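# Chains, contacts and geometry: an overview
Residue-level listing of the chains:
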Amino acid sequence: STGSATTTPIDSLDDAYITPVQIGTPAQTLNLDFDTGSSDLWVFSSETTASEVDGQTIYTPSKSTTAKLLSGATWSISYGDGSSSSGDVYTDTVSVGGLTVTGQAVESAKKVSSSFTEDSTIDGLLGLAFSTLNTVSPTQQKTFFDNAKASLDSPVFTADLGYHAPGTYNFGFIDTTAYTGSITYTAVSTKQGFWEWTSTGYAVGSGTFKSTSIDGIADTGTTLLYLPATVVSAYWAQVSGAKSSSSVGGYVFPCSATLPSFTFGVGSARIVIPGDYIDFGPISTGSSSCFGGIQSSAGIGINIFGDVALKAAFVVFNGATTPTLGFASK
């Protein structure tokens, strides 16, 4: 089997991407944030505290003939941005882009933090990291991808995120028309439950490539590119007036600037992030200070190849027995 679904930016900054997902019988379609940095499929639901729901579409298990309470199971998750959610668990039929899993754990939110409530466009998350990170207790549950894997033509999914435009998540096949040149594959460590890999270095603009190992995670659920302070300082030094602002929470730059590109290495290959992808616009409406899309990972504890980096590439998440990641230009 295979699946193919379009993923769409939630706003004009590509802050996140939503993908329609069918849950239950008859189908209830919710727009979920596919997150390769976590491993829970959770939704706003008929159980979510009413004051914490503001415009989201909810899953109502009592209206699904295939929903079953997973008795005694609870879940609770906290994300790197400080947001969180928790609740109980149903199993139900879940379909993405024509690919159906029966018996998928659908985590029903009883509580969500403010950032989720305030984002009316995101109806929940669909985790695509390794199932060892799944938070369901006392019986850990599998991700949609892990459940689908045996049925897939090939044990892979791909992320093809757009810049200010829709893109695609495919399951079970590699669309050879969706990228240019060749795909370069690189080793993954699953020790921390993430799609963790080592970039071979970077360049700023037209500058020389610096060969240096940068361990980090491929994370579709993180907006920006978070890299070591040395690397980030080298980038922003090439932008007149750019500075790190503790009051704002990172690097800002004059909105009149033209940003240089940023290149990262994948083995001997190179992925180029255009300068425009690094512009996250005014820090507040009407401001001439703009927020940067490359930020320091210092104090996160991990480097994160988020959407800024991933949307510059066609990315293969290879879930074979020995997992790997592939990157191609597009």
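About the cut-offs
Within each chain the numbering goes from 1 in written sequence order, not necessarily matching the entry, and residues lacking coordinates are not shown. Side-chain numbers come from the whole structure's heavy atoms, not from hydrogens or water. Residues with missing side-chain atoms are left out of burial classes, side-chain pairs and their counts. Runs of H or I in DSSP of at least four residues are treated as helices and runs of E of at least two as strands, each being numbered from the N terminus. Atoms counted for the radius of gyration: C-alpha only. Globule rule: 2.2 Å times residue count to the power 0.38. The contact definition used throughout considers only heavy atoms, calling two residues in contact when any of these lie within 4.5 Å. Either an automatic procedure or a domain database provided the assignment from which the domain bounds are taken. In these notes, a set of buried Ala, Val, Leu, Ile, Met, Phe, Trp, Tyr and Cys residues joined through side-chain atoms within 4.5 Å is what counts as a nonpolar core. Buried, partly exposed and exposed residues are distinguished by accessible area as a fraction of the type maximum, computed with a 1.4 Å probe on protein chains only: under 20%, between the cut-offs, and over 50%, respectively. When the sulfur atoms of two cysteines come within 2.5 Å, that pair is taken as a disulfide. By convention in these notes, a salt bridge is any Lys or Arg side-chain nitrogen within 4 Å of a carboxyl oxygen on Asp or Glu. When DSSP finds two or more bridges between a pair of strands, those strands are recorded as paired. As a rule, the C-alpha atoms of each element are fitted with a line to give its axis, helices using only the stretch in contact, and angles between N-to-C directions run from 0 to 180 degrees. Any pair of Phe, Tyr and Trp rings, taking the six-membered ring for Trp, is counted once the centres come within 6.5 Å. Such a pair is stacked with planes under 30 degrees apart, edge-to-face with planes over 60 apart, and tilted for the rest. The rule is short: NZ of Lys or CZ of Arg within 6 Å of the ring centre and within 35 degrees of the ring normal puts a charge over the ring.

### So, the overall build of the protein chain
- Looking only at helices and strands, the protein chain has 4 helices and 24 strands in total.
- Since a compact globule built from 330 residues should have a radius of gyration of about 20 Å, the 20 Å found for the protein chain is in line with a globular shape.
- Its C-alpha atoms give the protein chain principal-axis dimensions of about 60 × 45 × 30 Å.
- Once local pairs closer than 6 in sequence are excluded, the contacts in the protein chain between residues at least 24 apart make up 66%.

### Describing the domain arrangement of the protein chain
- The assigned domain composition of the protein chain is domain 1 (5–174) and domain 2 (175–330).
- Taking only C-alpha atoms into account, the centre of domain 1 sits 25 Å from that of domain 2.
- Across the contact, 30 residues belong to domain 1 and 32 residues belong to domain 2.
- At the level of secondary structure, the elements contributing two or more residues to the side of domain 1 that touches domain 2 comprise β3 (28–35), β9 (156–160) and β10 (167–171).
- No other element matches β9, which puts 5 residues into the side of domain 1 that touches domain 2.

### Some remarks on the nonpolar core
- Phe171, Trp236, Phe262, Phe264, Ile273 and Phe327 are the most contacted members of the largest nonpolar core, which totals 68 residues.
- Among the elements that line this core, the one with the most residues is helix α3 (residues 229–236), at 4 residues.
- Three or more residues apiece are contributed to this core by two domains, here domain 1 (5–174) and domain 2 (175–330).
- Apart from residues no more than four positions distant in its own chain, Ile273 is found in contact with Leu225, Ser261, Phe262, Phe264, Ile278, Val308, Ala309 and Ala312.
- Ranked by size, the runner-up nonpolar core spans 17 residues in total, among them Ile10, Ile18, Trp75 and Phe116.

### Considering the state of the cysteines
- Scanning the model with the defined rule gives 1 disulfide in all.
- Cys255 shares a disulfide with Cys290; S-S distance 2.0 Å. Between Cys255 and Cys290, the S-S dihedral sits near 110°, and the bridge is therefore right-handed. Taken together, the residues span a long stretch of sequence, with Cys255 in the loop between β16 (250–254) and β17 (262–266) and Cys290 in strand β20 (residues 289–292) at a distance of 35 residues.
- For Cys255, a relative accessible area of 29% translates into the label partly exposed.
- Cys290 gets classed as buried once you look at its relative accessible area, which sits at 4%.

### What to know about the pattern of salt bridges
- Counted by the stated rule, this structure contains 2 salt bridges.
- Between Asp14 and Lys311 there is a salt bridge whose closest N-O contact spans 2.8 Å. With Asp14 in the loop between β1 (3–9) and β2 (17–23) and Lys311 in the loop between α4 (307–310) and β23 (314–318), the pair connects residues that are 297 residues apart, well separated along the chain.
- Take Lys311: its relative accessible area is 1%, and that puts it in the buried class.
- A salt bridge links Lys330 to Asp160, with the shortest nitrogen-to-oxygen separation between them at 2.8 Å. Placement of the pair is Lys330 in the segment after β24 (324–328) and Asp160 in strand β9, with a sequence separation of 170 residues.
- Relative accessible area serves as the criterion here: at 38%, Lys330 is assigned to the partly exposed category.
- Residue classification places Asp160 among the buried residues on the basis of a relative accessible area of 16%.

### Focus: the sheet that holds strand β22 (residues 303–305)
- Overall, mixed pairing links the 7 strands, which are arranged β18-β17-β12-β13-β22-β14-β21 in an open sheet. Edge strands, defined here as strands with exactly one partner in the open sheet, are β18 (269–273) and β21 (294–296). For this sheet, the mean inter-axis angle between neighbouring strands, taken without regard to orientation, is 45°.
- Bridging between strand β12 (residues 196–204) and strand β13 (residues 210–218) involves 6 bridges; their strand directions are antiparallel. In the sheet register, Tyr202 faces β13, and the bridge partner there is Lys210.
- Of the strands in this sheet, β12, β13, β14 (225–227), β17 and β21 are in contact with α3, which crosses β21 at around 140°.

### Here we look at the packing of aromatic side chains
- For the structure on display, the rule yields 25 aromatic pairs.
- Residues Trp42 and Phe116 carry aromatic rings whose centres are separated by 4.9 Å and whose planes lie at 90° to one another, so their mutual orientation is edge-to-face. One end of the pair, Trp42, is in strand β4 (residues 41–43); the other, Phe116, is in helix α1 (residues 114–118), and 74 residues separate them in sequence. Across the pair, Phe116 and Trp42 agree in class, each one buried.
- Between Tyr79 and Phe116, the ring centres sit 5.9 Å apart and the planes meet at 70°, which makes this aromatic pair edge-to-face. Taken together, the residues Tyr79 in the loop between β5 (68–78) and β6 (84–96) and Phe116 in helix α1 connect sequence positions 37 residues apart. The burial state of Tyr79 is the same as that of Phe116; both residues are buried.
- By way of ring pairs, the aromatic residues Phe34, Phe130, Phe144, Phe145, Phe157, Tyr169, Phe171, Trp195 and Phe317 are connected into one cluster.
- Above the ring of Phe209, the side-chain terminus of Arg270 is found at 3.6 Å from the ring centroid.

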